[PDB]
Amino acid sequence: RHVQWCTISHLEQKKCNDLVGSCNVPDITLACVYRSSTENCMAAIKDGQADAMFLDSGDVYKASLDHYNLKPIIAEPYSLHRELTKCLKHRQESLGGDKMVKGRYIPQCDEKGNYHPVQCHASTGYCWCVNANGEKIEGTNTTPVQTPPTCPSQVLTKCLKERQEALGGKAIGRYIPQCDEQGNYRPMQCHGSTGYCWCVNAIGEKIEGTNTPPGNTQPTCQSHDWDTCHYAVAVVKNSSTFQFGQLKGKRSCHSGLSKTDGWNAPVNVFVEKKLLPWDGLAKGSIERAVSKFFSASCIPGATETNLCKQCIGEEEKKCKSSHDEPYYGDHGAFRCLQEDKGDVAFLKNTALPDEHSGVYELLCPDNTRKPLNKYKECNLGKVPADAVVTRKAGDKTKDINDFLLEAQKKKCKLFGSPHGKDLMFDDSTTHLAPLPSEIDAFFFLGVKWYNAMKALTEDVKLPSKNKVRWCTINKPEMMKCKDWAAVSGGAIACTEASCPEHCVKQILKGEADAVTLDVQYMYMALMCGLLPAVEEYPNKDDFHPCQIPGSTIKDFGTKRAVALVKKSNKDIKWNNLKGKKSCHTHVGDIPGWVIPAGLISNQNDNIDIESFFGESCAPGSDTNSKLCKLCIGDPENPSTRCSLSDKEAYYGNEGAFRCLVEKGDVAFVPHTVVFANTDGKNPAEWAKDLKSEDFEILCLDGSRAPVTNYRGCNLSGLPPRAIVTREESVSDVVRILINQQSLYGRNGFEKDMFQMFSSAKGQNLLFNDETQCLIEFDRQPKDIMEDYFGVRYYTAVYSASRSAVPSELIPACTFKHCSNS
């Protein structure tokens, strides 16, 4: 196994060469491939000449475009603000669940808010071990008849861990971190031999401009500093006197043409403050405008002549986006100011001098100057993290991650070098972790910075707030949507995707505006931050909410999952269903499987619904499991048993009912299956005038009730399907849809021109065909999850937790950003 690293300079190649020797990772060998610039390396990786490099966030964006097709895979974790601990969050969520769902696991947290390593389930007497994240170490379950397992102690905090390494079993003359009671870094750190002191934030990162030699006034260190985003800054010498607004005509040093901190951040501010005549691509390129603003600059990678004048690389190396140019990068730009080739340098706080005292200070965009350690209040914006990138295909992602994980474990010299600063990686980097598997530049940089960077390269025409771009998931849907667009008068347009999740992505990225989602996709869509705008109201009995919009809805009319049992089986209650014989419409059905499987795992330590019941019929299971023993199959024997078709006699809503009456204690079905197959409503013999009063439904409190009270005695009601959009677009979508519905709904004034809720091109295109109308979602001040799902469903299916991961998109779309307001 090999990993080929792309280097951009002789210095970097040399450092990467040292690592090939000094860093011994078994199973994976590193090699180093030279190219003359960041862009040539991007092309090398695209072409397979190399596998990985580290890129500034600005180049991460450039690399994500079709010319190169690279993606971020590894980056240093950062933090925006202090958050509740996981265990306390988990406790709060589970305590907020539906109290009618009894016997749920409530985590046990310790005096620091972490998970006790031993976790126990009160109602079942089961205990197990957990990792720091509170996830079960599988295979440590101990039952109540045994004593609680012995579980390894939790992993130490960074500070106490770093304090343990430093001591190393016995220390002298070296820095030993000082930790507080909670195990975080004390704000002020001091070296026990040199007498120096400086500040760190809560995770031990040094605050620049605070390093203080002994004998000098101690630094003032902020406590509870959990803002670890990097900040773009303008650094100047205290021997000059201009302010930010007087930058025109000065000499400047920039980290590089394509760096966020050296280009995007300042240029963004230049434009907002109108220091720079320029607004759209009609005024030329931004580089050219900047060329007119400064007299002479050094901006590695620029073409304009004066923007390379102050660089000092020799011959072809001059002004190269490469360390072969001595003024390239954050520490090159600072060096360029230090040596007085510039009056201001644009870089980021991690490149600022450590020492409190000296000739440098910050140039704030509000036309004041402030000390180096005040960058958090004297900056040109937070900038995104930087990342290791590779090809979108990801053929080497594992090898790259494995190598870097192992190299860091072994403490190889990844993050410094005698040859120079910021070679291969930023010298300020402390740890590199894998990013979410589905992350791309959009989700890594975040919508704000992604759009901000796009906005410098092209006039981004923002689509109309009067037009809903509808996302479709198949060609028949696309054709019905084009029919809608033709009559809509421009209110409706159309986009195509291959599945609902890709529609969610399109809406997040501003390529579409709305889509209708099945319940099974709403948890992922809400976690990503989309909101219900309107919902499909399916109640054929009451059309009042449709005629009079806004009026009160007596019954939303969604299905209710119920536990159906016979009146004669007087001994079966909800709490003793274990072992009994059950009938499920089929695996994956919400009312017949997902809701029942959710409650059984909530109350029984995630014991398989397969093992919970004795003998059941649930089509879609394995033909050899207890979940198919009850399954007849085809009455015209071919074998078509436990199959997901009508070939199975016990499939579907009716089929689960049959299974019950014939050979079963309980069937899980919507509340309508009983009524629609008793009172002789089914002519087939098995339900020969079968009576509705012969059955009852189990309530969660052990009680029972007649099938008619399903509204108060159900496992859970389903939420309606929802039309989701971006938050800022809810108002527009609602307005456009309600209007369209007045024209082409079931009572539309122009229902002859177009019918929203039917089509000849197929069934349930865009909307479900049985939809009565679309009702505006009444957003309540509470958790959107509870609001959309209702507490019963949220609890029964998701444990009322925001931590389930039913789609791997969730970790990517919830990735946090370093954005500005």
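For every chain, the first residue of the written sequence is numbered 1, i.e. counting runs from 1 onward, and this need not coincide with the entry's numbering; residues without coordinates are not included. Side-chain measures were taken over the full set of non-hydrogen atoms in the model, leaving aside hydrogen atoms and water.

In its metadata, the entry names X-ray crystallography as the structure determination method and reports 2.2000 Å as the resolution.

**Student:** How should I be thinking about the overall build of the protein chain in this particular structure?
**Tutor:** Summing up its helical and strand segments, the protein chain has 23 helices and 30 strands in all. Its C-alpha atoms give the protein chain principal-axis dimensions of about 95 × 70 × 50 Å. Here the term buried applies to any residue with accessible area under 20% of the maximum for its type, exposed to any over 50%, and partly exposed to those in between, with areas from a 1.4 Å probe on protein chains only. By residue count, 53% of the 821 residues in the protein chain fall in the buried class. To measure how exposed things are, a 1.4 Å probe is used in the Shrake-Rupley method; for residues, cover is taken only from the protein chains shown. When the accessible area of the protein chain is evaluated, it comes to approximately 37100 Å², of which 50% is carbon and sulfur surface. Positive charge is attributed to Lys and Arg, negative charge to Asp and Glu, and no charge count is given to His or to the chain ends. A charged residue contributes its charge at one atom only: NZ of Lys, CZ of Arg, CG of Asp or CD of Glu. Looking at the protein chain, you have 98 positive and 102 negative side-chain charges, and the mean spots of the two groups are 2 Å apart. The helix count covers DSSP runs of H or I at least four residues long, the strand count covers runs of E at least two residues long, and both are numbered beginning at the N terminus.

**Student:** Where do I start with helix α22 (residues 791-798) in this structure?
**Tutor:** Owing to its 3.6 residues per turn, the α-helix brings residues three or four apart onto one side. Burial analysis of α22 places 6 of its 8 residues in the buried class, the great majority of the element. Among all positions in α22, only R792, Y793, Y794, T795, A796 and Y798 are buried. Any two residues whose heavy atoms approach within 4.5 Å are treated as being in contact. Elements in contact with the buried residues of α22: α14 (519-527), α16 (590-603), β28 (716-717) and α21 (784-789). Following α22 by one or two positions, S799 has its phi on the positive side, about 55°.

**Student:** Is there a simple way to explain unusual backbone geometry in this structure?
**Tutor:** It is generally the case that most residues other than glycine have a negative phi and that most peptide bonds are trans. The backbone phi angle of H224 is positive, close to 50°, even though this residue is not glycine. Relative to the helices and strands, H224 resides in the loop between β8 (197-199) and β9 (230-237). A positive phi is found at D340, a non-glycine position, where the angle reads about 75°. Structurally, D340 can be placed in the loop between α8 (329-338) and β12 (344-348).

**Student:** Would you mind showing me how to read the state of the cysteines here?
**Tutor:** Any two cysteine sulfur atoms within 2.5 Å of one another count as a disulfide. Across all of its chains, the model carries 22 disulfides by this definition. Note on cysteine connectivity: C546 is disulfide-linked to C773, with sulfurs 2.1 Å apart. Negative torsions about the S-S bond denote left-handed disulfides, and the value of about -85° found for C546 with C773 makes this one left-handed. By relative accessible area, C546 is classed as buried at 11%. Using a relative accessible area of 5% as the deciding quantity, one classes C773 as buried. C583 shares a disulfide with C659; S-S distance 2.0 Å. Disulfide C583-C659: the torsion about the S-S bond is -70°, which places it as left-handed. Like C583, the residue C659 is buried in the burial classification. The thiol of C499 is unpaired, and the distance to the nearest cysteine sulfur, on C503, comes to 7.3 Å.

**Student:** For this particular structure, what's the right way to read the side chain of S37?
**Tutor:** Relative to the assigned elements, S37 resides in the loop between β2 (29-34) and α2 (38-46). In contact with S37, other than residues within four places in its own chain, are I8, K320 and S321.

**Student:** What is the right way to look at the sheet that holds strand β3 (residues 53-55) in this model?
**Tutor:** Hydrogen bonding along the main chain pairs the strands of a sheet, whether they run parallel or antiparallel. Spatially, the 4 strands line up as an open sheet ordered β3-β16-β4-β17, and their pairing is antiparallel. Single-partner strands in this sheet number two, and they are β3 and β17 (433-434). Two strands qualify as a pair provided DSSP detects at least 2 bridges between them. Two elements, β3 and strand β16 (residues 387-391), share 3 bridges in a ladder whose sense is antiparallel. Paired with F54 across the two strands is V388, which belongs to β16. Relative to the sheet, α2 contacts β3, β4 (70-75) and β16, its axis offset from that of β3 by approximately 130°. Relative to β3, helix α3 (residues 57-64) is tilted by about 110°, and along the sheet it contacts β3, β4 and β16. Here an axis means a line fitted to C-alpha atoms, over the contact stretch when the element is a helix, while the angle between two N-to-C directions is reported on a 0 to 180 degree scale.

**Student:** How should the environment of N201 be read in this particular structure?
**Tutor:** By secondary structure assignment, the location of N201 is in the loop between β8 and β9. Residue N201 is classed as buried on the basis of its relative accessible area, which comes to 4%.

**Student:** Would you take a moment to explain the packing of helix α6 (residues 260-272) against helix α7 (residues 286-293) for this structure?
**Tutor:** The packing of two helices is summarised by the inter-axis angle and the distance between the axes. Taken N-terminus to C-terminus, the directions of α6 and α7 make an angle of 70°; their axes are 12 Å apart at the nearest point. The orientation of α6 relative to α7 falls into the category roughly perpendicular. The residues of α7 that touch α6, namely those facing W263, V267 and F270, are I286, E287, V290 and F293. Residue composition of the contact of α6 with α7, by class: 6 nonpolar, no polar and 1 charged. Any angle that is under 35 degrees is reported as roughly parallel, and any over 145 degrees as roughly antiparallel; angles of 65 to 115 degrees are reported as roughly perpendicular and all others as oblique. Polarity classes work like this: nonpolar for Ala, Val, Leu, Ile, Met, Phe, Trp, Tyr, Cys and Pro, charged for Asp, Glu, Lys and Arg, and polar for all others, with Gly in that last group.

**Student:** Hey, could you run me through the pattern of salt bridges in this one?
**Tutor:** Oppositely charged side chains may form a pair once their charged atoms are brought near each other. For this document, the term salt bridge refers to a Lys or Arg side-chain nitrogen within 4 Å of an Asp or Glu carboxyl oxygen. Tallied over the entire structure, the rule returns 40 salt bridges. Note that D399 is salt-bridged to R1, the shortest N-O span being 3.0 Å. Taking relative accessible area as the criterion, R1 reaches 44% and is therefore assigned partly exposed. As a salt-bridge pair, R704 and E696 come within 2.4 Å of each other at their nearest N and O atoms. The exposure class assigned to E696 is buried, which follows from its relative accessible area of 11%. Here the salt bridges do not stand alone but share partners, grouping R1, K396, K398, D399 and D402 into one network.

**Student:** Before we go on, may I ask you to explain the packing of α3 against helix α11 (residues 447-457) in this structure?
**Tutor:** At a closest axis distance of 11 Å, the pairing of α3 and α11 adopts a crossing angle of 70°. By the criterion of interaxial angle, the relationship of α3 to α11 is roughly perpendicular. Across the interface between the two elements, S57, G58 and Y61 from α3 touch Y450, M453, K454 and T457 from α11. Tallied by class, the residues present in the contact of α3 with α11 amount to 3 nonpolar, 3 polar and 1 charged.

**Student:** Which parts of the structure should I look at to understand the nonpolar core?
**Tutor:** Most often, soluble globular proteins keep nonpolar side chains buried together rather than apart. As used in this record, nonpolar core signifies buried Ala, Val, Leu, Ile, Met, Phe, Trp, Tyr and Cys residues forming a set joined through side-chain atoms within 4.5 Å. In terms of nonpolar packing, the biggest core is built from 195 residues, with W5 and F789 touching the most fellow members. Counting residues in each nonpolar core, the second largest holds 28 residues, with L564, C631, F657 and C699 among its members.

**Student:** Just to check I follow, could you spell out empty space enclosed by the protein for this structure?
**Tutor:** Regions of empty space are outlined by a rolling probe, equal in size to a water molecule, passed over the atoms. Using a 1 Å grid laid over the protein atoms alone, points where a 1.4 Å probe fits but cannot get out form a cavity; open sets with protein on both sides within 12 Å along at least 5 of 7 lines form a pocket; any residue with an atom within 4 Å of a point counts as lining. Grid points are joined across faces, edges and corners, and a volume is the space filled by probe spheres set on the points. Its volume calculated, the largest cavity comes out at about 140 Å³. Of the residues in the lining of the largest cavity, the class split is 7 nonpolar, 4 polar and 4 charged.

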